[PDB]
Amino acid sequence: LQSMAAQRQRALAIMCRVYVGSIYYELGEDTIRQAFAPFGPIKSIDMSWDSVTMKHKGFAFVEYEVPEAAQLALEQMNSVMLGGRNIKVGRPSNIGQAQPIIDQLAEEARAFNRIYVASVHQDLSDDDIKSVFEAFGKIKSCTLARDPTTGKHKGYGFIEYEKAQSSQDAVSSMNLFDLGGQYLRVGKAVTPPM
């Protein structure tokens, strides 16, 4: 049980992480941060680094605090052009051990009619978001993640609909919906709630 939990933890950690390649040599950490921040709060960026030539190696790993953020980045950032060059995005490379759990967690997410919303402007409240998103169906809950130390929300949250059709409609329609002067990023849950 401690072993099963550990494998689960290791799988969720992999799912929070996005490989980014073909980074133009003139670009760096900042450009990656700005380009990948819309999908959720970035826990860290791990730049490739040649410690002899003191240059990055054209790739990096972006680590999100929530797996759906990494999912959105994976789905929406391939063939994005930064500094004149198409970047490449993928899941981390050594994940054979974790892939069953990744797939299990995505199958288990389905029953909850659960969607993830990022790039929520600070001016907007949970009820602002709920009111916009309840156009698609009746919403069982609508919770913006909040930083406990500050009380302000973290620009993302989750919505649970009563009907699966509703959550599917919201996802198809509301990715890049303009709200609060920012483009929302929206996608399905990739785990059951925890």
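Numbering starts at 1 and follows the sequence shown.
- Relative to one another, 44-52 and 143-151 have unequal mean CA B-factors, and 143-151 is the one with the higher figure.
- Looking at mean Cα B-factors across 67-75 and 96-104, the upper value is held by 96-104.
- Sorting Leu124, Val80, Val89, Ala118 by the CA temperature factor given in the entry leaves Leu124 at the top.
- Sorting the modelled residues of the chain by their CA temperature factor places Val20 in the lowest third.
- Sort the modelled residues of the chain by CA B factor and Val186 lands in the lowest third.
- Sorting the modelled residues of the chain by their CA temperature factor places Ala170 in the middle third.
- Per-chain ranking of the deposited C-alpha B factor places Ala135 in the middle third.
- When all modelled residues of the chain are sorted by CA temperature factor, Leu27 is found within the lowest third.
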